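Shown next: query_22.pdb, given as PDB, C-alpha atoms.
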ATOM      1  CA  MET Q   1       0.000   0.000   0.000
ATOM      2  CA  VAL Q   2       1.149   3.535  -0.814
ATOM      3  CA  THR Q   3       0.409   6.520   1.435
ATOM      4  CA  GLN Q   4       0.472  10.259   0.874
ATOM      5  CA  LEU Q   5       1.732  12.416   3.724
ATOM      6  CA  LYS Q   6      -0.149  15.716   3.665
ATOM      7  CA  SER Q   7      -0.072  16.441   7.387
ATOM      8  CA  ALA Q   8       2.847  16.002   9.789
ATOM      9  CA  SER Q   9       0.433  14.051  11.993
ATOM     10  CA  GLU Q  10       0.464  11.174   9.502
ATOM     11  CA  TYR Q  11       4.255  11.080   9.845
ATOM     12  CA  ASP Q  12       4.626  11.806  13.564
ATOM     13  CA  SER Q  13       2.039   9.279  14.749
ATOM     14  CA  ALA Q  14       3.698   6.854  12.326
ATOM     15  CA  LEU Q  15       7.012   7.066  14.187
ATOM     16  CA  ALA Q  16       5.385   6.825  17.623
ATOM     17  CA  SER Q  17       3.369   3.594  17.870
ATOM     18  CA  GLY Q  18       4.555   2.480  14.440
ATOM     19  CA  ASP Q  19       5.874  -1.036  15.008
ATOM     20  CA  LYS Q  20       5.217  -2.169  11.436
ATOM     21  CA  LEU Q  21       7.461  -1.135   8.544
ATOM     22  CA  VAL Q  22       7.432   2.599   7.838
ATOM     23  CA  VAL Q  23       9.157   3.609   4.603
ATOM     24  CA  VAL Q  24       9.931   7.178   3.548
ATOM     25  CA  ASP Q  25      10.824   8.648   0.154
ATOM     26  CA  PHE Q  26      12.386  12.085  -0.309
ATOM     27  CA  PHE Q  27      12.742  13.161  -3.927
ATOM     28  CA  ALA Q  28      12.178  16.584  -5.485
ATOM     29  CA  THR Q  29      12.019  14.993  -8.951
ATOM     30  CA  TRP Q  30      15.273  16.525 -10.165
ATOM     31  CA  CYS Q  31      16.173  14.093 -12.953
ATOM     32  CA  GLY Q  32      17.044  10.403 -12.781
ATOM     33  CA  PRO Q  33      16.250   7.488 -10.408
ATOM     34  CA  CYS Q  34      14.041   9.867  -8.420
ATOM     35  CA  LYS Q  35      11.634   9.583 -11.360
ATOM     36  CA  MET Q  36      12.789   6.326 -12.962
ATOM     37  CA  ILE Q  37      12.431   4.382  -9.709
ATOM     38  CA  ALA Q  38       9.009   5.907  -8.984
ATOM     39  CA  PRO Q  39       7.119   3.011 -10.672
ATOM     40  CA  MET Q  40       9.461   0.439  -9.146
ATOM     41  CA  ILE Q  41       8.910   1.188  -5.456
ATOM     42  CA  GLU Q  42       5.343   2.263  -6.236
ATOM     43  CA  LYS Q  43       4.805  -1.027  -8.064
ATOM     44  CA  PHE Q  44       6.408  -3.110  -5.320
ATOM     45  CA  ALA Q  45       3.972  -1.453  -2.911
ATOM     46  CA  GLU Q  46       1.415  -3.876  -4.334
ATOM     47  CA  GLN Q  47       3.785  -6.753  -3.522
ATOM     48  CA  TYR Q  48       4.055  -6.349   0.249
ATOM     49  CA  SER Q  49       1.178  -6.820   2.692
ATOM     50  CA  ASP Q  50       2.231  -4.360   5.403
ATOM     51  CA  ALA Q  51       4.568  -1.717   4.001
ATOM     52  CA  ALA Q  52       3.947   1.958   4.723
ATOM     53  CA  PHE Q  53       5.179   4.029   1.775
ATOM     54  CA  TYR Q  54       5.572   7.649   2.865
ATOM     55  CA  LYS Q  55       5.900   9.963  -0.134
ATOM     56  CA  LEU Q  56       7.530  13.351   0.442
ATOM     57  CA  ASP Q  57       9.040  15.957  -1.882
ATOM     58  CA  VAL Q  58      10.071  19.396  -0.573
ATOM     59  CA  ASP Q  59       7.673  22.313  -1.052
ATOM     60  CA  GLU Q  60       4.590  20.090  -1.248
ATOM     61  CA  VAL Q  61       5.155  19.365   2.444
ATOM     62  CA  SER Q  62       7.823  21.660   3.929
ATOM     63  CA  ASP Q  63       7.244  19.955   7.295
ATOM     64  CA  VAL Q  64       9.224  16.712   7.158
ATOM     65  CA  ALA Q  65      11.878  17.858   4.676
ATOM     66  CA  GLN Q  66      12.438  20.762   7.070
ATOM     67  CA  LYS Q  67      13.377  18.658  10.095
ATOM     68  CA  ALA Q  68      14.442  15.499   8.265
ATOM     69  CA  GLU Q  69      17.409  16.974   6.398
ATOM     70  CA  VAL Q  70      17.877  15.210   3.062
ATOM     71  CA  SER Q  71      21.395  14.126   2.095
ATOM     72  CA  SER Q  72      20.960  11.934  -0.985
ATOM     73  CA  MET Q  73      18.981  11.439  -4.202
ATOM     74  CA  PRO Q  74      16.631   9.919  -3.471
ATOM     75  CA  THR Q  75      16.543   9.366   0.295
ATOM     76  CA  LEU Q  76      14.795   6.304   1.727
ATOM     77  CA  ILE Q  77      14.703   5.203   5.366
ATOM     78  CA  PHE Q  78      13.074   2.419   7.389
ATOM     79  CA  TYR Q  79      11.497   2.847  10.823
ATOM     80  CA  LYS Q  80      10.715  -0.188  12.982
ATOM     81  CA  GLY Q  81      10.978   1.165  16.511
ATOM     82  CA  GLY Q  82      10.276   4.845  15.993
ATOM     83  CA  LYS Q  83      13.976   5.229  15.254
ATOM     84  CA  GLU Q  84      15.871   5.224  11.950
ATOM     85  CA  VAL Q  85      17.741   1.914  12.025
ATOM     86  CA  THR Q  86      17.721   0.412   8.539
ATOM     87  CA  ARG Q  87      18.153   3.344   6.166
ATOM     88  CA  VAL Q  88      18.677   3.021   2.418
ATOM     89  CA  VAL Q  89      19.823   6.160   0.609
ATOM     90  CA  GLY Q  90      21.272   5.355  -2.801
ATOM     91  CA  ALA Q  91      19.744   4.212  -6.087
ATOM     92  CA  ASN Q  92      18.534   0.669  -6.774
ATOM     93  CA  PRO Q  93      15.079  -1.022  -6.916
ATOM     94  CA  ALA Q  94      16.159  -4.411  -5.545
ATOM     95  CA  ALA Q  95      17.293  -2.451  -2.488
ATOM     96  CA  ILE Q  96      13.599  -2.027  -1.641
ATOM     97  CA  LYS Q  97      12.760  -5.739  -1.586
ATOM     98  CA  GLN Q  98      15.713  -6.939   0.495
ATOM     99  CA  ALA Q  99      15.081  -3.879   2.668
ATOM    100  CA  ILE Q 100      11.300  -3.835   3.071
ATOM    101  CA  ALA Q 101      11.127  -7.637   2.998
ATOM    102  CA  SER Q 102      13.634  -7.616   5.866
ATOM    103  CA  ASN Q 103      12.040  -5.199   8.337
ATOM    104  CA  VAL Q 104       8.598  -6.434   7.271
TER
END
I'd like the structure from this file rewritten - as structure tokens, please.
Amino acid sequence: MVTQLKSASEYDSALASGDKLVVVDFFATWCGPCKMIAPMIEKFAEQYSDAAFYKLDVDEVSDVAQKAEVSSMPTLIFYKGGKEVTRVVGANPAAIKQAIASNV
């Protein structure tokens, strides 16, 4: 399943009592994987049974991107215990399966 984070509440409450797998995606659609991998991760979303896909850009939100400083392209992270433990900031689809399928 794919989610759309419009309000910080959807993100905050997700890191609090969020035991399941909480995935985040920070990409301002510059040019490259950020747009080429969109279908990949978005497509894999229909593969998992309990994977929270949090989509975030920059201006569209301005809340998360503000606090959660981005240092990649794109920038994906995995939250299991309300704390970034298994992050994945690079560029590779397969990295989502072995990642999501792990924390799942």
(request) Extract, using all atoms listed in the file, all DNA, RNA and protein residues at most 10 Å from residue 94 in chain Q, discarding same-chain residues fewer than 5 positions from it, and format them as a ChimeraX atom specification. (result) /Q:40-41,44,99-100
(request) Name the residues captured by the PyMOL selection byres ((chain Q and resi 60) around 12) when it is applied to the shown file; answer as a list in words. (result)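 Applied to this file, the PyMOL selection byres ((chain Q and resi 60) around 12) selects residues 4, 5, 6, 7, 8, 26, 27, 28, 29, 55, 56, 57, 58, 59, 61, 62, 63, 64, 65 and 66 of chain Q.
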Give me the box for range 54-73 of chain Q as AutoDock Vina command-line options, namely the centre and edge lengths in Å to one decimal of a box along x, y and z that holds every listed atom plus 3 Å on each side.
--center_x 13.0 --center_y 15.0 --center_z 2.9 --size_x 22.8 --size_y 20.7 --size_z 20.3
(message) On this structure, the PyMOL selection byres ((chain Q and resi 85-89) around 10) would catch which residues? List them as a list in words, sorted by chain and number.
(response)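 Checked against the file, the PyMOL selection byres ((chain Q and resi 85-89) around 10) matches residues 23, 24, 25, 26, 70, 71, 72, 73, 74, 75, 76, 77, 78, 79, 80, 81, 82, 83, 84, 90, 91, 92, 95, 96, 99, 100, 102 and 103 of chain Q.
Proximity of Q:21, Q:101, Q:2, Q:52 to residue 38 in chain Q, computed with all atoms listed in the file, is greatest for Q:2.
CA of residue 43 in chain Q to CA of residue 15 in chain Q spans 23.8 Å [interatomic distance, one decimal].
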(request) In Å, rounded to a single decimal, give me how far CA of residue 3 in chain Q is from CA of residue 53 in chain Q. (result)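 We find that CA of residue 53 in chain Q and CA of residue 3 in chain Q lie 5.4 Å from each other.
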(request) One decimal, Å: what's the distance from CA of residue 35 in chain Q over to CA of residue 11 in chain Q, could you say? (result)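 A separation of 22.5 Å between them.
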